[PDB]
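Each chain, letter by letter, is given below.
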Amino acid sequence: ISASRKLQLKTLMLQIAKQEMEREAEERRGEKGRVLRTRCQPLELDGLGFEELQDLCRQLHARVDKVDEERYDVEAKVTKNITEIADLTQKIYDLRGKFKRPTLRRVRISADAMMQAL
Amino acid sequence: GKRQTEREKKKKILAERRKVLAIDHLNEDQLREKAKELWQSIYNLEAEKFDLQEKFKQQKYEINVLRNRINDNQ
Amino acid sequence: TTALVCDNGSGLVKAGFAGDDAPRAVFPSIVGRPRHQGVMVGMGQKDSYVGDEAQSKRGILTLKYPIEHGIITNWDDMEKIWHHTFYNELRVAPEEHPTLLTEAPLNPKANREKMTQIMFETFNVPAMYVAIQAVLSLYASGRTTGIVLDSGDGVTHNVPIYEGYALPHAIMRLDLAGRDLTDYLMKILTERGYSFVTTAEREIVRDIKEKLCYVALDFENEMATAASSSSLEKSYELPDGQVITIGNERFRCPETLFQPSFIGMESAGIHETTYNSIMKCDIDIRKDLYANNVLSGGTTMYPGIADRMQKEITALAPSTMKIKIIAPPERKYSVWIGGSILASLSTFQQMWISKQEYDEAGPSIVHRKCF
Amino acid sequence: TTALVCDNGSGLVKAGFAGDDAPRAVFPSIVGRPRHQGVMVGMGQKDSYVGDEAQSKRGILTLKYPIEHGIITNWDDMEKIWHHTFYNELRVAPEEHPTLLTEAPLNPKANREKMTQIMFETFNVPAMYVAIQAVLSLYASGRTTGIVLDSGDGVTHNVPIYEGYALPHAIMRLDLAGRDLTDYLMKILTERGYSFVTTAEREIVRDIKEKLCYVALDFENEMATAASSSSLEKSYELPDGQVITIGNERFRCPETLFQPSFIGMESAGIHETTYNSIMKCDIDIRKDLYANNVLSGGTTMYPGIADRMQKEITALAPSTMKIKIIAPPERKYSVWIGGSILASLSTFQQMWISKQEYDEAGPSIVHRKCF
Amino acid sequence: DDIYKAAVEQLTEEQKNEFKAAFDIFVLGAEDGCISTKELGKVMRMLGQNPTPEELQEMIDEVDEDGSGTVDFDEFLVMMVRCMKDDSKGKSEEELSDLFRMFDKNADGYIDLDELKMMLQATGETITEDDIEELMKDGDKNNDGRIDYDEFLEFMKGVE
Ligand SMILES: Nc1ncnc2c1ncn2[C@@H]1O[C@H](COP(=O)(O)OP(=O)(O)O)[C@@H](O)[C@H]1O
Ligand SMILES: Nc1ncnc2c1ncn2[C@@H]1O[C@H](COP(=O)(O)OP(=O)(O)O)[C@@H](O)[C@H]1O
Ligand SMILES: [Mg+2]
Ligand SMILES: [Mg+2]
């Protein structure tokens, strides 16, 4: 067992993890763009008469109310879920690491070499 | 209370407190710009909703991790 | 998808997916806010512990049941209990599951309407249905007739049924149940010196009642025996030591069921309200009801009740009829097992109150054809 | 910036920056004016030597503690002690550092208000916070429950805590502490011929108490043994020679803790006020308090006290409960270590009493939400 | 292999002061810098540095195996700087949890040896004695048949 490759292994793991995270972020962005385009169709603005825009904006406003209801729903859901998740994270913390927060220390430092100066 | 205030808030958000908009009452360029605003608002908000879905995924993962830890430790 | 068979009850919330044998999560229905001040910072102290979590921190809480006698008296706490049940004990979002609540007979309408309004607006279920707690207990026994005495913890009700046709004019609902027995036991324990007052110590008295009390076959003989010998005195260790010895309080606590005059109630015991409920039925179905008397609910788990009740009814009933008392070993969860069976039926699949129907008629839909 | 965790105490002032393991400067809290005339001119004789300087010139001073029993009786001297602590033992101006004082439970309000007024007007700190001396000692043990007996030098107090929720109705504060033990030892030494009277010789008696006295496991057996053999007589050399021999005064001085009738106090010992403090708590958290009894403070450093106290409580308590006494080796500085931990927390960073808040509500702000 | 050695190649004066203090404690001048590993650990504990006996025993089992007691300067300085804690917070806990949930696709509340080894071979590092079974031996403290994110920390905590 060599202490040599610990640094290389951990740095390589960090590189792999960063690559995976940025790849996941990019694919999430692509999926979000595709889902938005398939949920809110792009605006058509070519040669439309006044009544064409009237009707299109009416449809868009109906969709606006619909999606506003959808997203206030998912927003309340995300608020409740985030609150609950934070609460359970705090619960797990107090369950496991509550005995360790006091152990968070920067000790045995100044008094180790401040004895015979008196 | 039970939640009657909460449901009243929900209804107000969905119907009243939403960006209640009169749209089909504007000039050609004005109606066009308002439609552009509505379309952009829908786009940004749908992106936000996808983000909320992804956060639901992450919260589910955390729940699974916490459950496995609890079952292993208790 | 699968249906959620929840069963609010009063004292223990029992829930689980339809089609199983036993409820998945069973936990007391209590919501207790902390009452002291709290000095440690960052301990992560919540504002209300619900369910089984508040039965472990009950030393510094003030537990309060949100359901008094079948009816629901504190809607916010009940909503909190339901939210906990759905999200933490089953971990299934309610947006994708039908629900089948249960309700005692002869309850106020507003309670049922508020229940359905909550389930449809807050939790936003696809479809929910409310069923009477006794028909399910009759399902679980695999019968189709019989008169079921469902002595829960909140309220004791006695619904007779024949050939699937319920008799609405013969339901005898009595409000003596397990909670009043707990209070009476806590009140008669003071005759030896043990004083339990705090709402947390009511749980300790409940545990004493569950583990020690039993129903006497003959009351006077037991009272005479316990007053001469000492073969009955069973001891029990409190949550801190100091064992206690229960004498003739053992069979005096559950005797209140057959003599409600002990706690000052006027009405007759559970041994005579069953006979009265039978006698209100027609003259030609009394033999079948006599032969198929069903027991259910938690409070009917006292050791020796299925014999005392049979002796009492045989004393009351005509000498020719045969009196039989069905007491399945799975008494406590009988209502929920029946609920699972009912939710698993194909014929029942079109009786749910679909959400579009609620949107068209409001919460008053529950009293309509979709009962 | 960093916070100053000062801890006034009564007998030893312990201070240091937040986030370390041990206080930076620990020195007795005594201010002694010279009492003789003084004939040498230009010797540079000051008018009051404070702190550890007056423990070296104590031969010609009249030392007087500015804190009697937790409370502060001489505000000018206490201000002088604080000024010395800030400027000479730490050398950090208070204009750029928050402070975290400590205070015994059940102390007069005026003491706390005057303390905050001094800290905000004279030293002009940015923000100060006052904390109860027992919660910190519970922090240092890394627990979150437990009943802590903090037997300092001024006052012995016994604060029970569960799950972070302090129980204000179960705090038992007793005014017997190290100083009364010093006086009683000085009073029983006269039975062999050694007379210590001067306020300077009280320090010598304190040193004798620290180095020789121990708590007997069983009092009567030790009294019988010391009266027959001579295996206990330990000798000690005064600051000038003339060694002295302490016989059964060794375990009779600290025995006063468990029998306060020796110094004429009525109350029960520290072995029985802990049990009484537990019994005032609720019936469901007594097991946890029994299992997590914490010792702190200087006076609990006697060799053999963690066994005598456990034996006494086991005698009093029910036989089933397990009695465990936590006695960390860093007992003396336990309160200050806990203070450092509390001041180093991020969640606590918004609880300080900011100066603008004091300017708006006056010194009575300390009793308000910012406790 | 490379971090502490390169830091030796780019030695800073902060660590150089301690290096010279230890050397003058050992070498009084014009010497080979032998510094026996037993004496090395004794003085490392002696000079007010971190008194961790585990690193000293590892060095003793690792160095002076020639029977000569001489320690090469490269390994001497490497073990000196590695007795001191050289890590930058081991990255972020939430960040690392996200890294591992990207790693862990099963999402059963833990991760098995398979995902860990797949990521290990994705890293692209050589295999030595501390491979193969050192990971199994170290991660199997309670031997739960898995190496979760917490178990992965338990194996090689302070991942940089
Ligand atoms: N084994 C038992 N022996 C005696 N009484 C019991 C037993 N189990 C439960 N009980 C009583 O029954 C009550 C639980 O009844 P339960 O059937 O859960 O009511 P619900 O109908 O509200 O679900 C408890 O409060 C308790 O007093
Ligand atoms: N090693 C010891 N053995 C016995 N008694 C001690 C010892 N150290 C201190 N004491 C006693 O404790 C007192 C110091 O208590 P301390 O915890 O400093 O009080 P405070 O709470 O005011 O800081 C001294 O007066 C002394 O009588
Ligand atoms: Mg029931
Ligand atoms: Mg103190």
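Residues numbered from 1 in each chain as written, not as in the entry; some residues may be left out. Chains lettered and ligands numbered in written order. Part of a larger assembly, values for the part shown. Heavy atoms only, no water.

A word on the domain arrangement of chain C
Interfaces are often described in size by the accessible area the parts lose on coming together.
Residues and elements named next belong to chain C.
Inference 1: Domain annotation of chain C identifies domain 1 (4-137 + 333-360) and domain 2 (178-256).
Inference 2: Taken together, the 10 residues of domain 1 in the interface contact nine residues of domain 2.
Inference 3: Looking only at domain 1, the three residues that lose the most surface to domain 2 are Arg-58, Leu-63 and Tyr-65, adding up to 58% of its buried area.
Inference 4: Linking domain 1 with domain 2 are zero salt bridges.
Inference 5: Residue composition of the side of domain 1 that touches domain 2, by class: three nonpolar, four polar and three charged. (Domains from an automatic or database assignment. Contact = heavy atoms within 4.5 Å. Buried area = accessible area lost by both parts, 1.4 Å probe. Salt bridge = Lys/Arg side-chain N within 4 Å of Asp/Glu carboxyl O. Nonpolar A, V, L, I, M, F, W, Y, C, P; charged D, E, K, R; others polar.)

Structural notes on the pattern of salt bridges
Inference 1: Applying the stated criterion across every chain, the model contains 73 salt bridges over all chains.
Inference 2: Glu37(B) serves as the salt-bridge partner of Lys19(B), at 2.7 Å between the closest nitrogen and oxygen. Taken as a pair, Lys19(B) in the loop between helix 1 (4-16) and helix 2 (28-73) and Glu37(B) in helix 2 lie far apart in primary sequence, 18 residues in all.
Inference 3: According to the relative accessible area criterion, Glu37(B) is partly exposed, its value standing at 22%.
Inference 4: In this structure, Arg286(D) and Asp240(C) form a salt bridge, with 3.9 Å as the shortest nitrogen-oxygen distance. (Helix = DSSP H or I, 4+ residues; strand = E, 2+ residues; numbered from the N terminus. Buried < 20%, exposed > 50% of the residue type's maximum accessible area, 1.4 Å probe, protein only.)

Observations regarding the pairing of strand 7 (residues 127-132) of chain C
Residues and elements named next belong to chain C.
Inference 1: Of all the six residues making up strand 7, six are buried; the element is thus mostly covered by neighbouring parts of the structure.
Inference 2: Side chains of strand 7 alternate between two faces, with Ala-127, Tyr-129 and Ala-131 and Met-128, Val-130 and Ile-132 buried alike.
Inference 3: As paired elements, strand 6 (residues 99-103) and strand 7 share five bridges and run parallel to each other. What sits directly across from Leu-100, in strand 7, is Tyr-129.
Inference 4: Handedness of the β-α-β unit built from strand 6, helix 2 (residues 109-121) and strand 7 comes out right-handed.
Inference 5: As paired elements, strand 7 and strand 16 (residues 353-354) share two bridges and run antiparallel to each other. (Pairing = 2+ DSSP bridges. Right-handed = clockwise from strand over helix to strand, strands pointing away.)

Section: the sheet that holds strand 6 (residues 99-103) of chain D
All names here are of chain D.
Inference 1: Spatially, the three strands line up as an open sheet ordered 6-7-16, and their pairing is mixed. What marks the edges here is a single partner per strand, and that holds for strand 6 and strand 16 (353-354).
Inference 2: Contacting strand 6 and strand 7 (127-132), helix 3 (residues 133-140) crosses the sheet at an angle of about 85° to strand 7. (Axes fitted to C-alpha atoms, helices over the stretch in contact; angles between N-to-C directions.)

Structural notes on the pairing of strand 8 (residues 146-151) of chain D
All names here are of chain D.
Inference 1: Most of strand 8 sits inside the fold, with six of its six residues counted as buried.
Inference 2: Across six bridges, strand 8 lies against strand 9 (residues 156-162) in antiparallel orientation. Pairing of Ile-147 across the sheet is with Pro-160, part of strand 9.
Inference 3: Here strand 8 folds back onto strand 9, and the loop between the two strands holds four residues.

Side note on the sheet that holds strand 5 (residues 61-64) of chain D
Residues and elements named next belong to chain D.
Inference 1: Read from one edge to the other, the open sheet built from three strands follows the order 4-3-5, with strand pairing classed as antiparallel. Bordering the open sheet on either side are strand 4 (49-50) and strand 5, each of which pairs with just one other strand.
Inference 2: Taken together, the two bridges between strand 3 (residues 31-34) and strand 4 define a ladder with antiparallel strand orientation. The residue of strand 4 that forms the bridge with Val-31 is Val-50.
Inference 3: With respect to the sheet, helix 1 (residues 75-90) is in contact with strand 3 and strand 4, its orientation differing from that of strand 3 by roughly 105°.

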